[PDB]
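protein-v6.tsv follows; it contains TSV, N, CA and C atoms.
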chain	number	residue	atom	x	y	z
D	1	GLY	N	11.94	5.46	-27.72
D	1	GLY	CA	12.34	6.66	-28.44
D	1	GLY	C	11.16	7.49	-28.88
D	2	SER	N	11.34	8.25	-29.95
D	2	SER	CA	10.28	9.11	-30.47
D	2	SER	C	9.17	8.27	-31.12
D	3	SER	N	9.55	7.45	-32.10
D	3	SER	CA	8.60	6.60	-32.80
D	3	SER	C	8.12	5.47	-31.89
D	4	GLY	N	6.89	5.60	-31.40
D	4	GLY	CA	6.33	4.58	-30.53
D	4	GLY	C	6.47	4.93	-29.07
D	5	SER	N	6.03	4.02	-28.20
D	5	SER	CA	6.10	4.24	-26.76
D	5	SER	C	7.27	3.47	-26.15
D	6	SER	N	8.07	4.15	-25.34
D	6	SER	CA	9.22	3.53	-24.70
D	6	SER	C	9.04	3.48	-23.19
D	7	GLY	N	9.02	2.27	-22.64
D	7	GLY	CA	8.85	2.10	-21.21
D	7	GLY	C	7.43	1.74	-20.83
D	8	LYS	N	7.23	1.37	-19.57
D	8	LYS	CA	5.91	1.00	-19.09
D	8	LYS	C	5.93	0.75	-17.58
D	9	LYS	N	4.86	1.14	-16.90
D	9	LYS	CA	4.75	0.96	-15.46
D	9	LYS	C	3.96	-0.30	-15.12
D	10	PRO	N	4.31	-0.94	-14.00
D	10	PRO	CA	3.65	-2.16	-13.55
D	10	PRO	C	2.23	-1.90	-13.06
D	11	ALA	N	1.46	-2.97	-12.88
D	11	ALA	CA	0.08	-2.85	-12.42
D	11	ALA	C	0.00	-2.97	-10.90
D	12	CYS	N	-1.06	-2.43	-10.32
D	12	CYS	CA	-1.26	-2.48	-8.88
D	12	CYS	C	-1.75	-3.85	-8.44
D	13	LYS	N	-0.84	-4.83	-8.44
D	13	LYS	CA	-1.18	-6.19	-8.04
D	13	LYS	C	-2.08	-6.19	-6.81
D	14	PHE	N	-1.86	-5.22	-5.92
D	14	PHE	CA	-2.65	-5.11	-4.70
D	14	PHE	C	-4.14	-5.09	-5.02
D	15	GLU	N	-4.96	-5.11	-3.97
D	15	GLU	CA	-6.41	-5.09	-4.14
D	15	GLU	C	-7.05	-4.06	-3.22
D	16	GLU	N	-8.15	-3.46	-3.68
D	16	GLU	CA	-8.85	-2.46	-2.89
D	16	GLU	C	-9.79	-3.11	-1.88
D	17	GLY	N	-9.57	-2.82	-0.60
D	17	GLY	CA	-10.40	-3.38	0.44
D	17	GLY	C	-9.83	-4.67	1.00
D	18	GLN	N	-8.54	-4.91	0.74
D	18	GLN	CA	-7.88	-6.11	1.22
D	18	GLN	C	-7.13	-5.83	2.52
D	19	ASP	N	-7.45	-6.60	3.56
D	19	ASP	CA	-6.80	-6.44	4.86
D	19	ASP	C	-5.37	-6.95	4.82
D	20	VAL	N	-4.42	-6.07	5.13
D	20	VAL	CA	-3.01	-6.43	5.13
D	20	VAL	C	-2.27	-5.77	6.29
D	21	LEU	N	-1.01	-6.13	6.46
D	21	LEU	CA	-0.19	-5.58	7.54
D	21	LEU	C	0.77	-4.53	7.00
D	22	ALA	N	0.56	-3.28	7.41
D	22	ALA	CA	1.42	-2.18	6.97
D	22	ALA	C	2.41	-1.79	8.06
D	23	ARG	N	3.62	-1.42	7.64
D	23	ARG	CA	4.66	-1.02	8.58
D	23	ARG	C	4.62	0.48	8.84
D	24	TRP	N	4.29	0.85	10.07
D	24	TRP	CA	4.21	2.26	10.45
D	24	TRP	C	5.60	2.88	10.50
D	25	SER	N	5.65	4.20	10.68
D	25	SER	CA	6.91	4.92	10.74
D	25	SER	C	7.81	4.35	11.84
D	26	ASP	N	7.18	3.84	12.89
D	26	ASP	CA	7.92	3.26	14.01
D	26	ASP	C	8.76	2.07	13.56
D	27	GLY	N	8.23	1.32	12.59
D	27	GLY	CA	8.94	0.16	12.08
D	27	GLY	C	8.18	-1.13	12.30
D	28	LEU	N	7.15	-1.07	13.13
D	28	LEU	CA	6.33	-2.24	13.43
D	28	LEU	C	5.18	-2.37	12.44
D	29	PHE	N	4.68	-3.59	12.28
D	29	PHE	CA	3.57	-3.84	11.36
D	29	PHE	C	2.24	-3.81	12.09
D	30	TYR	N	1.24	-3.20	11.47
D	30	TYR	CA	-0.09	-3.10	12.07
D	30	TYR	C	-1.16	-3.56	11.09
D	31	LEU	N	-2.33	-3.90	11.62
D	31	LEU	CA	-3.44	-4.36	10.79
D	31	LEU	C	-4.15	-3.19	10.13
D	32	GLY	N	-4.45	-3.34	8.84
D	32	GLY	CA	-5.12	-2.28	8.10
D	32	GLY	C	-5.80	-2.79	6.85
D	33	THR	N	-6.67	-1.97	6.27
D	33	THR	CA	-7.39	-2.34	5.06
D	33	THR	C	-7.01	-1.43	3.90
D	34	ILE	N	-6.69	-2.04	2.76
D	34	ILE	CA	-6.31	-1.28	1.57
D	34	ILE	C	-7.47	-0.43	1.07
D	35	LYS	N	-7.22	0.86	0.88
D	35	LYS	CA	-8.24	1.78	0.40
D	35	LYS	C	-7.87	2.35	-0.97
D	36	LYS	N	-6.58	2.61	-1.17
D	36	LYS	CA	-6.09	3.15	-2.43
D	36	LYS	C	-4.73	2.55	-2.79
D	37	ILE	N	-4.37	2.63	-4.06
D	37	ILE	CA	-3.09	2.11	-4.53
D	37	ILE	C	-2.43	3.07	-5.51
D	38	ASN	N	-1.36	3.71	-5.06
D	38	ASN	CA	-0.63	4.66	-5.90
D	38	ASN	C	0.62	4.01	-6.50
D	39	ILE	N	0.65	3.92	-7.83
D	39	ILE	CA	1.78	3.32	-8.52
D	39	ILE	C	2.92	4.32	-8.68
D	40	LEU	N	2.57	5.58	-8.88
D	40	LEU	CA	3.56	6.64	-9.04
D	40	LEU	C	4.45	6.75	-7.80
D	41	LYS	N	3.82	6.70	-6.63
D	41	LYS	CA	4.55	6.79	-5.37
D	41	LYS	C	4.81	5.40	-4.79
D	42	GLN	N	4.27	4.38	-5.45
D	42	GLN	CA	4.45	3.00	-4.99
D	42	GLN	C	3.95	2.83	-3.56
D	43	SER	N	2.80	3.42	-3.26
D	43	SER	CA	2.22	3.34	-1.93
D	43	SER	C	0.76	2.90	-1.99
D	44	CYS	N	0.14	2.77	-0.83
D	44	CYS	CA	-1.26	2.35	-0.75
D	44	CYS	C	-1.93	2.92	0.49
D	45	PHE	N	-3.07	3.57	0.30
D	45	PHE	CA	-3.81	4.17	1.40
D	45	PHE	C	-4.56	3.11	2.19
D	46	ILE	N	-3.96	2.66	3.29
D	46	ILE	CA	-4.58	1.65	4.14
D	46	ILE	C	-5.07	2.25	5.45
D	47	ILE	N	-6.19	1.72	5.95
D	47	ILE	CA	-6.77	2.21	7.20
D	47	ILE	C	-6.53	1.22	8.33
D	48	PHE	N	-5.70	1.61	9.29
D	48	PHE	CA	-5.39	0.76	10.43
D	48	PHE	C	-6.56	0.72	11.41
D	49	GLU	N	-6.66	-0.38	12.16
D	49	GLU	CA	-7.73	-0.54	13.13
D	49	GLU	C	-7.90	0.73	13.97
D	50	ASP	N	-6.86	1.54	14.02
D	50	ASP	CA	-6.89	2.78	14.78
D	50	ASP	C	-7.59	3.89	13.99
D	51	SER	N	-8.30	3.50	12.94
D	51	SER	CA	-9.02	4.45	12.11
D	51	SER	C	-8.07	5.52	11.57
D	52	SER	N	-6.79	5.17	11.46
D	52	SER	CA	-5.78	6.09	10.96
D	52	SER	C	-5.37	5.73	9.54
D	53	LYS	N	-5.45	6.71	8.64
D	53	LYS	CA	-5.08	6.50	7.25
D	53	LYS	C	-3.65	6.94	6.99
D	54	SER	N	-2.85	6.05	6.40
D	54	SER	CA	-1.46	6.35	6.10
D	54	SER	C	-1.01	5.64	4.83
D	55	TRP	N	-0.35	6.39	3.95
D	55	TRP	CA	0.13	5.83	2.69
D	55	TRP	C	1.33	4.93	2.91
D	56	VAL	N	1.10	3.62	2.89
D	56	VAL	CA	2.17	2.65	3.09
D	56	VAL	C	2.84	2.29	1.77
D	57	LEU	N	4.15	2.05	1.83
D	57	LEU	CA	4.91	1.70	0.63
D	57	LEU	C	4.67	0.24	0.25
D	58	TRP	N	4.58	-0.01	-1.05
D	58	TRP	CA	4.36	-1.36	-1.55
D	58	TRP	C	5.31	-2.35	-0.90
D	59	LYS	N	6.50	-1.87	-0.54
D	59	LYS	CA	7.51	-2.72	0.10
D	59	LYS	C	7.25	-2.83	1.60
D	60	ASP	N	6.56	-1.84	2.15
D	60	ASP	CA	6.25	-1.83	3.57
D	60	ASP	C	4.92	-2.52	3.84
D	61	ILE	N	4.16	-2.77	2.78
D	61	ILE	CA	2.87	-3.43	2.90
D	61	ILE	C	3.01	-4.94	2.76
D	62	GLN	N	2.81	-5.65	3.87
D	62	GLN	CA	2.91	-7.11	3.87
D	62	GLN	C	1.59	-7.75	3.46
D	63	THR	N	1.63	-8.58	2.43
D	63	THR	CA	0.43	-9.25	1.94
D	63	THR	C	0.21	-10.58	2.66
D	64	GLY	N	-0.83	-10.63	3.49
D	64	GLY	CA	-1.13	-11.85	4.23
D	64	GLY	C	-2.11	-12.74	3.50
D	65	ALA	N	-3.38	-12.36	3.51
D	65	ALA	CA	-4.42	-13.13	2.84
D	65	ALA	C	-3.92	-13.70	1.52
D	66	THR	N	-3.80	-15.02	1.46
D	66	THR	CA	-3.33	-15.69	0.25
D	66	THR	C	-4.32	-15.51	-0.90
Could you quickly redo this structure as structure tokens?
Amino acid sequence: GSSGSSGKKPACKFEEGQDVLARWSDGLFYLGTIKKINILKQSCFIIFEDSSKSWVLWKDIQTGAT
């Protein structure tokens, strides 16, 4: 409400520079490295081996490296 803060957004559990598998528009997963993490859009700027940068959705970004 007015008095105090109401609500809160989660943290970017992801990591910067972490190699993961992102799902391209086609629907298939490709190898890429995490460059940025947007919580507002729930995406992450990953760079695929194809030197292509695309904002992948936190749900479309598969976390491999344990």
### Task
Go through D:39, D:29, D:3, D:45 and flag the residue nearest residue 16 of chain D, using only C-alpha atoms for the distances.
D:45
Residues near residue 65 of chain D, anyone? I mean within 8 Å using only N, CA and C atoms, not counting same-chain ones fewer than 6 positions away, as a PDB file with N, CA and C atoms, in the coordinates of the input.
ATOM      1  N   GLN D  18      -8.540  -4.910   0.740  1.00  0.00           N
ATOM      2  CA  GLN D  18      -7.880  -6.110   1.220  1.00  0.00           C
ATOM      3  C   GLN D  18      -7.130  -5.830   2.520  1.00  0.00           C
ATOM      4  N   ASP D  19      -7.450  -6.600   3.560  1.00  0.00           N
ATOM      5  CA  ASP D  19      -6.800  -6.440   4.860  1.00  0.00           C
ATOM      6  C   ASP D  19      -5.370  -6.950   4.820  1.00  0.00           C
ATOM      7  N   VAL D  20      -4.420  -6.070   5.130  1.00  0.00           N
ATOM      8  CA  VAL D  20      -3.010  -6.430   5.130  1.00  0.00           C
ATOM      9  C   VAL D  20      -2.270  -5.770   6.290  1.00  0.00           C
ATOM     10  N   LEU D  21      -1.010  -6.130   6.460  1.00  0.00           N
ATOM     11  CA  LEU D  21      -0.190  -5.580   7.540  1.00  0.00           C
ATOM     12  C   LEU D  21       0.770  -4.530   7.000  1.00  0.00           C
TER      13      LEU D  21
END
### Task
To one decimal in Å, tell me the separation between atom N of residue 59 of chain D and atom CA of residue 17 of chain D.
17.0 Å
### Message
Which residue is closest to residue 37 of chain D? Choose from D:63, D:12, D:2, D:7 and count all atoms listed in the file.
### Response
D:12
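Put simply, atom C of residue 41 of chain D is 25.8 Å away from atom CA of residue 4 of chain D.
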### Task
Within 9 Å of residue 60 of chain D, counting only C-alpha atoms, which residues show up once you throw out same-chain ones fewer than 3 positions away? Write them as a VMD selection string, please.
chain D and resid 21 to 24 29 43 56 to 57
### Message
Report, in Å to a single decimal, how far apart atom N of residue 15 of chain D and atom N of residue 49 of chain D are.
### Response
16.9 Å
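Every residue of chain D with a DSSP assignment of strand (DSSP E or B), taken from the backbone, is listed as residues 19, 20, 21, 22, 23, 29, 30, 31, 32, 33, 34, 35, 36, 37, 38, 43, 44, 45, 46, 47, 48, 52, 53, 54, 55, 56, 57, 61 and 62 of chain D.
Residues with any atom within 12 Å of residue 50 of chain D, counting only C-alpha atoms and excluding same-chain neighbours fewer than 5 positions away, are residues 24, 30, 31, 32 and 33 of chain D.
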